[PDB]
Amino acid sequence: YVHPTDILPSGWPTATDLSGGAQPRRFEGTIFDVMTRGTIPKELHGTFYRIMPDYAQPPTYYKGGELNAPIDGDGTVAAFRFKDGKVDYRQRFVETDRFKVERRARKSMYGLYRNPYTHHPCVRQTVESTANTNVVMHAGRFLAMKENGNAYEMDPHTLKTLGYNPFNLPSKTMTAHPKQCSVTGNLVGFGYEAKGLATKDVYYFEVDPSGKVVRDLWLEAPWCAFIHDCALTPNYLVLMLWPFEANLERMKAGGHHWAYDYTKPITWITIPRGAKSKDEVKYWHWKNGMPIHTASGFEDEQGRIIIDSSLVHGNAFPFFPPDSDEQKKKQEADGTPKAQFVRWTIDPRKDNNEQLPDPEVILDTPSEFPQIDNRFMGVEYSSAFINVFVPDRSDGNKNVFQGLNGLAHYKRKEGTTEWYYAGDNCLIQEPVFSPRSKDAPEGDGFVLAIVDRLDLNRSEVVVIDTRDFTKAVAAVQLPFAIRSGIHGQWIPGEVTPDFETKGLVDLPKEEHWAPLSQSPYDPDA
Ligand SMILES: COc1cccc(C=O)c1O
Ligand SMILES: [Fe+2]
C-alpha cells in the first residue's frame with residue numbers, strides 16, 4: 001500500500017542525526033505536567049537538559065545538502081524539569097548567528113561541517129557554530145556549546161538566547177567538553193583551532209565560579225587534530241587527539257574539514273594545571289584508533305594519570321573518510337570497527353617519547369557517551385554510566401552511534417557492571433546521574449536517559465534507581481518523538497538561578513477573566 005500524498009515531493013534532503021534517524025522534528029514549545037508512568041522520585045530536584053542536532057531549514061545550500069553530516073544540524077535544547085515529582089518539558093532552538101540568518105532568509109546558507117569555503121559568500125565570515133553538542137551551567141550561566149565556536153548563552157527557563165561568548169574567551173573556539181572541577185569549581189577547558197580554520201593553536205583556560213579566567217595558556221597540537229574531548233585530573237588537563245587532520249587547501253577545494261588518517265596514533269596532550277610555560281606540556285602516543293569520549297580521569301596514589309574512554313578500532317565517523325585512495329579502500333575494507341570501553345595509563349614518571357601501554361579492556365562491547373558522578377569530577381572516581389550495545393542482544397554490524405540499546409553501570413572499585421536494556425525496537429541515549437541526596441555514596445541515586453520507542457514514534461525519559469539498575473522506576477512519556485541527540489546534563493536546582501521561582505512554563509494569571517455574575521451556577525438556585 002502507498003498513500004498518494006506520500007509520493008508528493010519533499011524538498012528535504014536526508015538529514016540524519018547520530019542514531020541514523022532522519023525525521024526532522026523542529027518544534028519549539030512546552031508541555032506542562034508531562035504524562036508519567038510509575039512514580040517520579042521526590043529526590044529529583046533539577047533539570048535534565050539534552051541537546052540535539054535538528055536542522056531548522058532543509059540544508060540544501062551546498063550540493064543540495066547531500067553531504068550534510070549527522071553532527072551538523074542546528075542545535076535544539078530539550079529541557080525536562082523535575083520538581084516535587086512533577087515533570088515539565090521545553091524545547092527551543094539555539095538562536096545561533098547561523099540559525100538567525102537561515103530562519104530570516106527561510107533558506108539554507110551554510111555548506112559542509114566546518115567549511116566556510118562552502119557557505120554562501122555573505123555568511124563566510126560569520127560564526128558558523130550550530131551549538132548542538134553539549135550544555136553546561138557555570139557561574140550562574142547556561143551555555144550551549146559546539147567546538148568550532150565559543151558558547152551561546154541561553155536563559156535556563158525560557159531557553160531564550162541571551163548572547164555569544166559570555167566568559168569572553170580570547171580564542172575563536174571553546175570545546176564542548178569542559179570539565180567542572182569538584183575541588184576548585186573551575187570550568188576547565190580548552191579550544192583548538194583557536195586562531196581560525198586549520199590552525200594548530202590550542203588555548204587552555206580555567207574559569208573560576210565567579211566567571212573569571214584565572215588560568216590560561218597558549219600552546220599547539222602536534223598536528224591540526226580533532227580534539228573533541230579531554231580528561232581532568234587534580235594536576236592536569238589531558239587533551240585527547242583523534243586521528244583526523246584538517247587541511248586548508250582541501251577546504252578551499254570544497255572538501256571536508258577533517259580526513260581520517262590511519263597513520264596517526266592516538267595522541268594525548270598533558271597540560272599541567274596552571275602551567276606557566278608551553279614548555280611544561282607533553283605529547284604521549286599510542287597507536288591508531290578513535291577514543292570518542294572519556295568517562296573521566298584521575299591521578300592514582302603514584303601520580304599516574306588514569307583515564308577511561310570508549311575505543312573504536314578505526315573510523316567511527318566514516319562520513320569523514322581519509323584523503324588518499326589507499327586509506328579510502330582500507331576504511332571500506334575494515335567495515336564496522338571493533339568497539340570497547342578501555343582504561344589508559346599515562347604515567348608522568350616515564351618518557352613521553354615511549355609508546356603508551358596498551359589500554360585495558362574494561363567492557364568488551366560497543367560503548368559510548370559515558371558519564372560519571374560529577375561530585376567526583378577531576379578527582380578519583382569509580383562510577384561510570386555508559387551507553388552500550390547490550391551483549392548478545394544487539395546488532396554488532398551497526399556503527400557505534402546507531403545500535404546503542406542499553407546502559408551499563410560500571411564501578412571500578414567493586415569491579416562490577418550492571419545492565420539496563422532499552423527494549424526490543426528501542427534505542428537509548430546518553431545517561432545522566434543525579435545523587436539520591438547531597439551526601440549519598442558515589443553513584444547512589446537516579447540515572448535518566450532518553451529512550452526512542454521506534455515502533456511507537458515517540459520518545460520517553462526513563463528513570464532508574466541505582467539500587468536496581470536493571471529496572472525503570474518511572475517513564476516520562478512524551479506524546480511525540482524528539483531527535484536523537486548528542487549530550488545532556490543533570491543540572492541541580494541549586495546551581496540554577498531562580499529555580500525556586502521560575503518553571504519551564506510561565507503560570508497563567510491568578511485573577512479570573514470572567515465576572516462572578518457570568519457563572520451558570522447560582523448558590524440560591
Ligand atoms: C554534534 O556535533 C559534534 C561535533 C564533533 C564531534 C561530535 C561527537 O559527538 C559531535 O557530536
Ligand atoms: Fe561529545
Side-chain angles (χ1 to χ4, degrees), residues 15-21 49-56 59 68-78 93-94 96 98-99 110 112-115 127-136 143-152 173-179 189-193 224-232 239-246 256-260 290-296 307-312 315-320 339 366-372 384-387 399-402 404 429-432 450 482-489:
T16 80
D17 65 50
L18 278 179
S19 84
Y49 291 97
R50 191 98 168 114
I51 190 162
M52 296 135 289
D54 193 13
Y55 266 122
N68 83 71
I71 65 174
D72 269 306
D74 296 301
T76 179
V77 172
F93 279 113
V94 184
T96 70
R98 158 162 183 177
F99 172 89
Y110 291 84
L112 306 180
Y113 178 70
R114 313 189 64 163
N115 195 345
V127 163
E128 64 161 2
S129 168
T130 44
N132 65 358
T133 303
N134 191 18
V135 296
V136 67
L143 277 45
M145 294 185 287
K146 196 186 178 61
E147 72 206 64
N148 59 336
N150 276 293
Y152 290 87
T173 63
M174 186 184 85
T175 181
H177 281 301
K179 306 302 161 168
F190 62 102
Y192 75 93
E193 297 188 43
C224 187
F226 196 154
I227 320 184
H228 173 74
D229 198 359
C230 65
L232 179 70
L239 303 194
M240 178 170 77
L241 289 49
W242 293 353
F244 295 81
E245 181 156 24
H256 277 129
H257 192 102
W258 292 117
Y260 191 91
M290 186 174 161
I292 309 160
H293 284 122
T294 59
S296 196
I307 301 167
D308 292 10
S309 78
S310 58
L311 180 56
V312 180
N315 186 4
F317 281 3
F319 46 85
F320 311 146
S367 289
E368 246 296 302
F369 295 108
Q371 302 205 1
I372 70 146
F385 301 103
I386 310 175
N387 193 185
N399 173 266
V400 69
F401 296 103
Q402 305 192 345
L404 300 155
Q429 300 165 34
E430 185 193 48
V432 297
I450 307 307
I482 69 187
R483 268 290 192 176
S484 183
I486 313 291
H487 301 277
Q489 294 299 332

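The residues of the chain are indexed from 1 along the displayed sequence. Each ligand, and each atom within it, is numbered from 1 in the order the structure gives.
Of all protein heavy atoms, the one lying nearest to atom 1 (C) of ligand 1 is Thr133 OG1, 3.1 Å. Given atom 4 (C) of ligand 1, the protein heavy atom at minimum distance is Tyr113 OH, 3.2 Å. Nearest protein heavy-atom neighbour of atom 7 (C) of ligand 1: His228 CE1, 3.4 Å. In terms of protein heavy atoms, atom 2 (O) of ligand 1 is closest to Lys146 NZ, 2.7 Å. At the top of the distance list for atom 11 (O) of ligand 1, counting protein heavy atoms only, stands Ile486 CG2, 3.2 Å.
Minimum-distance N/O/S atom of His293 relative to the Fe ion (ligand 2): NE2.
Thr96 contributes no side-chain N or O that, together with a main-chain N or O of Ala131, makes up a donor-acceptor pair within less than 3.5 Å. For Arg483 (side chain) and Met52 (main-chain N/O), no donor-acceptor pair under 3.5 Å exists by modelled atom type. At distances below 3.5 Å, not a single donor-acceptor pair connects side-chain atoms of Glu430 with backbone N or O atoms of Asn387.
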(message) Quick one, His257 with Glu245, criterion side-chain hydrogen bond (donor to acceptor under 3.5 Å, both in side chains). Give me CA distance, side-chain angles, the key distance, then yes/no.
(response) CA-CA 8 Å; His257 192 102; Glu245 181 156 24; over 6 Å; no
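A centroid separation of 6.0 Å or more is found between the aromatic rings of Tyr113 and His256. Outside the 6.0 Å centre-distance limit, the rings of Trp258 and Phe317 are not counted as a close aromatic pair. Ring-centre distance between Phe320 and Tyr260: not below the 6.0 Å cut-off.
Geometrically, ligand 1 and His487 share no nitrogen or oxygen pair separated by less than 3.5 Å. Residue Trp242 has no nitrogen or oxygen atom sitting less than 3.5 Å from a nitrogen or oxygen atom of ligand 1, judged on distance alone.
Geometry at the Fe ion (ligand 2): NE2/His177 and NE2/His487 form an angle of 90°, nearest 10 degrees.
Near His293, with a cut-off below 4.0 Å to any heavy atom, the atoms of ligand 1 are 9 (O). Per-residue contacts place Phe226 under 4.0 angstrom from the following atoms of ligand 1 (heavy atoms of the residue considered): 5 (C), 6 (C).
When non-hydrogen atoms are compared, ligand 1 lies under 4.0 Å from the backbone of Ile71 as well as from its side chain. Of all the heavy atoms of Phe317, the ones lying under 4.0 Å from any atom of ligand 1 belong exclusively to the side chain.
At a threshold of 4.0 Å, the pair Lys146-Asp72 does not count as salt-bridged, since none of the basic side-chain nitrogens sits closer than that to a carboxylate oxygen.
Closest heavy-atom contact between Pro291 and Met240: O-CE, 3.1 Å.
Under a 4.0 Å heavy-atom criterion, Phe401 is not in contact with ligand 1.
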